[PDB]
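Enquirer: This is the structure I have questions about; it appears just below.
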Amino acid sequence: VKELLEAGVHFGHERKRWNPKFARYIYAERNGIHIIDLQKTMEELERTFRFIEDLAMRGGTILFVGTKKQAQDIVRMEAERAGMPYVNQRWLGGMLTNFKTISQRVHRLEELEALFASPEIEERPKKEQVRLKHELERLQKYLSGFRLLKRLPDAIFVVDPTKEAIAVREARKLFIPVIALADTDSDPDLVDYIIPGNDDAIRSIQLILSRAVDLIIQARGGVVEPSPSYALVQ
Amino acid sequence: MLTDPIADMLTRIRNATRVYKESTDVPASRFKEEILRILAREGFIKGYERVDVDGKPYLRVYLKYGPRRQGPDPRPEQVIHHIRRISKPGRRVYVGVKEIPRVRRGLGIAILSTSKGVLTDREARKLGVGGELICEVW
RNA sequence: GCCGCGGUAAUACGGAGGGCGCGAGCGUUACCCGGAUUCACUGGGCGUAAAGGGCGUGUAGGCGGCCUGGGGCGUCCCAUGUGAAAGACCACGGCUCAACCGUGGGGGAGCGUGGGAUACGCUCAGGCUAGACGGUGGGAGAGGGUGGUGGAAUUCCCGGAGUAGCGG
RNA sequence: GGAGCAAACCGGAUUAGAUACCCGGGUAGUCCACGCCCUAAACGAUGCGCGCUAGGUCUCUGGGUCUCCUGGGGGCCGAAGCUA
Ligand SMILES: NC[C@@H]1O[C@H](O[C@H]2[C@@H](O)[C@H](O[C@@H]3[C@@H](O)[C@H](N)C[C@H](N)[C@H]3O[C@H]3O[C@H](CO)[C@@H](O)[C@H](O)[C@H]3N)O[C@@H]2CO)[C@H](N)[C@@H](O)[C@@H]1O
Ligand SMILES: NC[C@@H]1O[C@H](O[C@H]2[C@@H](O)[C@H](O[C@@H]3[C@@H](O)[C@H](N)C[C@H](N)[C@H]3O[C@H]3O[C@H](CO)[C@@H](O)[C@H](O)[C@H]3N)O[C@@H]2CO)[C@H](N)[C@@H](O)[C@@H]1O
Ligand SMILES: [Mg+2]
Ligand SMILES: [Mg+2]
Ligand SMILES: [Mg+2]
Ligand SMILES: [Mg+2]
Ligand SMILES: [Mg+2]
Ligand SMILES: [Mg+2]
Ligand SMILES: [Mg+2]
Ligand SMILES: [Mg+2]
Ligand SMILES: [Mg+2]
Ligand SMILES: [Mg+2]
Ligand SMILES: [Mg+2]
Ligand SMILES: [Mg+2]
Ligand SMILES: [Mg+2]
Ligand SMILES: [Mg+2]
Ligand SMILES: [Mg+2]
Ligand SMILES: [Mg+2]
Ligand SMILES: [Mg+2]
Ligand SMILES: [Mg+2]
Ligand SMILES: [Mg+2]
Ligand SMILES: [Mg+2]
Ligand SMILES: [Mg+2]
Ligand SMILES: [Mg+2]
Ligand SMILES: [Mg+2]
Ligand SMILES: [Mg+2]
């Protein structure tokens, strides 16, 4: 039962800030806002989910990327609630395109993971229980969810592909398909599997991000609750 | 005033296709229609049809592309890679049948107006005629 | 030849050894075409590289929207005359080969005559209204010409007051 | 015709010199009419006309059912594309 749960508070988005290549997915400009076509979202939904279903059961990987602030957290919920990687704070240049190298930083993280619970939580020169331990802070900050995948993913799920354009670029460059929740903001043509929605509303990001992680576990059996996905929602 | 309606038509097509338009209208002419027929038969366009735009005769023209493509820039391959007038008001070009050219070793057409009607190179060569060399499409 | 070598370690000068290339020849100079899509038909350019005329008006010229009919000048087709020989292309032959040559075949732009086609171009006649022009009503404007007129300022002249400098 | 400005020119400075830059004078000229001249970084350094190809934003000027839509003109950012 998706359907009218979309009208729920999740249809339409921005206004006169549009990309005109997103014109097909628009129903009208009621009240000076671009109300995005409800039902075309559904036609795009199944096709997308179907690709995820297939990708999920094949034991592949999605990379979740939401760095815009309203998504920051609801992304790291659903990604963890799917055992998938996520990128949350900053998309770094070449997480994908220069993966090998950015990986070496994961490699470094767990050398320092290995010195907190260690005999050297007592020793190390004075100016190194900040020098080393502050290095682990940043590595913790950016490479929280990215620490998981250790070969390129098989797809990426992007929240705002215009906000997250550097990421999409790299995907396509590498022929990694691009799933995205996108809206009037964005150029659809370079999203492979698009979910015409609303990159802003915590409702919309939530409704979609979660139900997609249903399918992900549900292609593996044994679904859980509609998730810890309500920050202090309001 | 529009000096060459055929060049116009061709160019409307060239232009609409370069931004993956679904269709273009082009002011209607019988001659224009005959060129489209060929164009359609040879699978460059989907097809075409008469219409009125502000109650005046056009020819809507349904364009046609490849599939979506892979990496960066997934814009479709084009069916009309090339389309180009030859004979023009400034300089008409006429050929005998022995000097009708082979367009891109035949992977391409040349439309061609003859006294046995508008024809492609092959149609006209087998029909043993020449005439005004209108345009080449690949 | 062009780029450039030579000022004490010159594969660039001169000689040696060695090597490369052609060979009864090999180099030089001169001249033509090439490369040179560097006069661009095929096949180029002009915002800053060379290159948009200072701007208009408009002659000759070039180019010309949509529909129907007539003519068939361009255009296309068929047939035919002509395109000598040599040379050029291909066979087969003659000098031992070849060069040279004999025979036969095949092309060949262009032009003449007769027949045909009528899509596009031209032409003649007819139609249309999408170009163009016009009519009605409404507008903004340091567009232009003539006459008039206003205030501020500078200079000069006259008057008052004022005195030792001003100006730069 | 001539107020002011001002090539030339007459002076004062500055300078090694100063045929200049600075200061003080100053004629043509700058002004008007008529007649010539016909040039320019006469520049958008971009010939004219026509059709076609995303948008966004600011501005001048018309019309509409005046939130918004639709002409004409002047700018800015920019699709496709073009460009050394
Ligand atoms: N050079 C720029 C301008 O060219 C203008 O006119 C020219 C341009 O408008 C246009 O030329 C186009 C050019 O715009 C565009 N960059 C693409 C095209 N290659 C050119 O085209 C030209 O050259 C090609 C060969 O290259 C020819 O095959 C073609 O027939 C010819 N029109 O068509 C005209 C042909 O020369 C004006 N003369 C003037 O504004 C200025 O000279
Ligand atoms: N017509 C009969 C004979 O034909 C000959 O014409 C022929 C020959 O001269 C020549 O033919 C021969 C060719 O058949 C044979 N298989 C090879 C030989 N290379 C050619 O020879 C020619 O070409 C080369 C280089 O082009 C030159 O030596 C020279 O041009 C000529 N000898 O080209 C023509 C066709 O083969 C003579 N030119 C002519 O004097 C003689 O009558
Ligand atoms: Mg960063
Ligand atoms: Mg078009
Ligand atoms: Mg003939
Ligand atoms: Mg020596
Ligand atoms: Mg030498
Ligand atoms: Mg030597
Ligand atoms: Mg040449
Ligand atoms: Mg040319
Ligand atoms: Mg050139
Ligand atoms: Mg120049
Ligand atoms: Mg000009
Ligand atoms: Mg004119
Ligand atoms: Mg004329
Ligand atoms: Mg005509
Ligand atoms: Mg004739
Ligand atoms: Mg002969
Ligand atoms: Mg023999
Ligand atoms: Mg003949
Ligand atoms: Mg008429
Ligand atoms: Mg002086
Ligand atoms: Mg002076
Ligand atoms: Mg003075
Ligand atoms: Mg401009
Ligand atoms: Mg405008």
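We label chains A, B, ... in the order they appear in the structure tokens, count residues from 1 in each chain, and number ligands from 1 in the order shown.
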Return as number ranges by chain the full set of residues in chain B whose backbone-based DSSP assignment is strand (DSSP E).
Expert: B: 23-27, 47-53, 56-62, 83-85, 94-95, 109-114, 117-119, 131-137
Enquirer: Can I get the selected residues back with C-alpha atoms, as a short mmCIF file (atom, residue, chain, number, x, y, z; two decimals), in the first residue's frame?
Expert:
data_model
loop_
_atom_site.label_atom_id
_atom_site.label_comp_id
_atom_site.auth_asym_id
_atom_site.auth_seq_id
_atom_site.Cartn_x
_atom_site.Cartn_y
_atom_site.Cartn_z
CA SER B 23 8.77 15.76 -32.69
CA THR B 24 9.01 18.82 -34.93
CA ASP B 25 6.45 20.58 -37.07
CA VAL B 26 7.67 21.96 -40.42
CA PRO B 27 5.51 24.03 -42.71
CA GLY B 47 6.84 8.68 -39.35
CA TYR B 48 5.10 11.95 -40.01
CA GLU B 49 1.62 13.42 -40.32
CA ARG B 50 -0.35 16.43 -41.50
CA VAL B 51 -1.62 18.79 -38.75
CA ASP B 52 -2.76 22.43 -38.39
CA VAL B 53 -0.85 24.87 -36.23
CA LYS B 56 -2.08 26.36 -41.00
CA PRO B 57 -0.74 23.15 -42.65
CA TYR B 58 2.30 21.58 -41.00
CA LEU B 59 3.87 18.21 -41.00
CA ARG B 60 4.56 16.88 -37.54
CA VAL B 61 7.50 14.57 -37.81
CA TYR B 62 8.17 11.90 -35.28
CA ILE B 83 21.58 15.13 -42.99
CA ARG B 84 22.62 17.74 -45.49
CA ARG B 85 21.38 19.62 -48.56
CA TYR B 94 21.98 17.66 -61.10
CA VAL B 95 23.28 14.15 -61.82
CA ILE B 109 20.92 7.44 -48.46
CA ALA B 110 20.81 10.21 -51.03
CA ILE B 111 17.35 11.59 -51.70
CA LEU B 112 17.04 12.67 -55.25
CA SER B 113 14.33 14.30 -57.33
CA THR B 114 13.61 12.78 -60.74
CA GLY B 117 9.35 11.24 -58.68
CA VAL B 118 11.52 11.68 -55.56
CA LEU B 119 13.75 8.62 -55.00
CA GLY B 131 17.97 14.33 -61.49
CA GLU B 132 18.36 17.05 -58.85
CA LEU B 133 20.53 15.82 -55.98
CA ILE B 134 18.45 17.09 -53.03
CA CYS B 135 20.34 15.88 -49.93
CA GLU B 136 22.38 13.11 -48.37
CA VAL B 137 21.38 11.41 -45.13
#
Enquirer: Ligand 25: which residues are within 12 Å, counting only C-alpha atoms (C1' of nucleotides) and all ligand atoms, as a ChimeraX atom specification?
Expert: /C:47 /D:43-44,46,74-76
Enquirer: Need the shell around residue 202 in chain A: protein/DNA/RNA residues with any atom at most 7 Å away, counting only C-alpha atoms (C1' of nucleotides). Skip same-chain ones fewer than 4 positions apart. Format as a list in words?
Expert: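 Everything that qualifies: residues 70, 71 and 206 of chain A.
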Enquirer: Step by step, measure atom-to-atom distances between ligand 5 and each residue using only C-alpha atoms (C1' of nucleotides) and all ligand atoms, keep those at most 10 Å, then write them as a list in words.
Expert: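 Taking only C-alpha atoms (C1' of nucleotides) and all ligand atoms into account, the residues around ligand 5 at most 10 Å away are residues 96 of chain B; 77 and 110 of chain C.
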Enquirer: Generate a file of the selected residues that holds C-alpha atoms (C1' of nucleotides), formatted as a PDB file, in the first residue's frame.
Expert:
ATOM      1  CA  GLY B  96      23.037  11.540 -64.449  1.00  0.00           C
TER       2      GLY B  96
ATOM      3  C1'   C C  77      16.442   8.828 -69.898  1.00  0.00           C
ATOM      4  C1'   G C 110      32.088  17.728 -75.535  1.00  0.00           C
TER       5        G C 110
END
Enquirer: Please return, as number ranges by chain, all residues of chain D lying within 10 Å of chain A when only C-alpha atoms (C1' of nucleotides) are considered.
Expert: D: 54-56, 67-68, 79
Enquirer: Only N, CA and C atoms (P, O5', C5', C4', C3', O3' and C1' of nucleotides), please: the residues just picked out, written as a PDB file, in the first residue's frame.
Expert:
ATOM      1  P     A D  54      14.553  23.763 -27.494  1.00  0.00           P
ATOM      2  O5'   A D  54      14.793  25.266 -27.023  1.00  0.00           O
ATOM      3  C5'   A D  54      15.768  25.637 -26.042  1.00  0.00           C
ATOM      4  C4'   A D  54      15.439  24.979 -24.738  1.00  0.00           C
ATOM      5  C3'   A D  54      14.778  25.820 -23.656  1.00  0.00           C
ATOM      6  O3'   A D  54      13.388  25.981 -23.864  1.00  0.00           O
ATOM      7  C1'   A D  54      16.511  24.556 -22.716  1.00  0.00           C
ATOM      8  P     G D  55      12.617  27.213 -23.192  1.00  0.00           P
ATOM      9  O5'   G D  55      12.750  26.901 -21.645  1.00  0.00           O
ATOM     10  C5'   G D  55      12.763  27.953 -20.679  1.00  0.00           C
ATOM     11  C4'   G D  55      13.614  27.510 -19.522  1.00  0.00           C
ATOM     12  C3'   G D  55      13.869  28.545 -18.445  1.00  0.00           C
ATOM     13  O3'   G D  55      12.759  28.502 -17.567  1.00  0.00           O
ATOM     14  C1'   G D  55      15.932  27.666 -19.165  1.00  0.00           C
ATOM     15  P     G D  56      12.046  29.852 -17.126  1.00  0.00           P
ATOM     16  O5'   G D  56      13.141  30.511 -16.180  1.00  0.00           O
ATOM     17  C5'   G D  56      13.538  29.777 -15.019  1.00  0.00           C
ATOM     18  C4'   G D  56      14.785  30.357 -14.425  1.00  0.00           C
ATOM     19  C3'   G D  56      14.734  31.830 -14.085  1.00  0.00           C
ATOM     20  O3'   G D  56      14.080  32.124 -12.871  1.00  0.00           O
ATOM     21  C1'   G D  56      16.746  31.376 -15.182  1.00  0.00           C
ATOM     22  P     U D  67      -2.347  39.767 -10.963  1.00  0.00           P
ATOM     23  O5'   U D  67      -0.805  39.880 -10.559  1.00  0.00           O
ATOM     24  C5'   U D  67       0.117  38.775 -10.714  1.00  0.00           C
ATOM     25  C4'   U D  67       0.151  37.914  -9.469  1.00  0.00           C
ATOM     26  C3'   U D  67       0.935  36.613  -9.577  1.00  0.00           C
ATOM     27  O3'   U D  67       2.346  36.738  -9.449  1.00  0.00           O
ATOM     28  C1'   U D  67      -1.150  36.160  -8.589  1.00  0.00           C
ATOM     29  P     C D  68       3.290  35.466  -9.734  1.00  0.00           P
ATOM     30  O5'   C D  68       3.245  35.322 -11.319  1.00  0.00           O
ATOM     31  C5'   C D  68       3.336  34.036 -11.960  1.00  0.00           C
ATOM     32  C4'   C D  68       2.101  33.782 -12.790  1.00  0.00           C
ATOM     33  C3'   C D  68       2.289  33.885 -14.294  1.00  0.00           C
ATOM     34  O3'   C D  68       2.859  32.745 -14.904  1.00  0.00           O
ATOM     35  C1'   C D  68       0.400  35.137 -13.687  1.00  0.00           C
ATOM     36  P     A D  79      25.923  25.564 -19.181  1.00  0.00           P
ATOM     37  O5'   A D  79      24.734  24.579 -19.545  1.00  0.00           O
ATOM     38  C5'   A D  79      23.529  25.111 -20.108  1.00  0.00           C
ATOM     39  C4'   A D  79      22.638  23.994 -20.563  1.00  0.00           C
ATOM     40  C3'   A D  79      23.159  23.137 -21.711  1.00  0.00           C
ATOM     41  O3'   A D  79      23.974  22.059 -21.268  1.00  0.00           O
ATOM     42  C1'   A D  79      20.951  23.825 -22.169  1.00  0.00           C
TER      43        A D  79
END
Enquirer: Within 12 Å of ligand 26, counting only C-alpha atoms (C1' of nucleotides) and all ligand atoms, which protein or nucleic acid residues do you find, written as a list in words?
Expert: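 Here is the list of contacting residues: residues 57, 58, 59, 60, 61, 71, 72, 73, 74, 75 and 76 of chain D.
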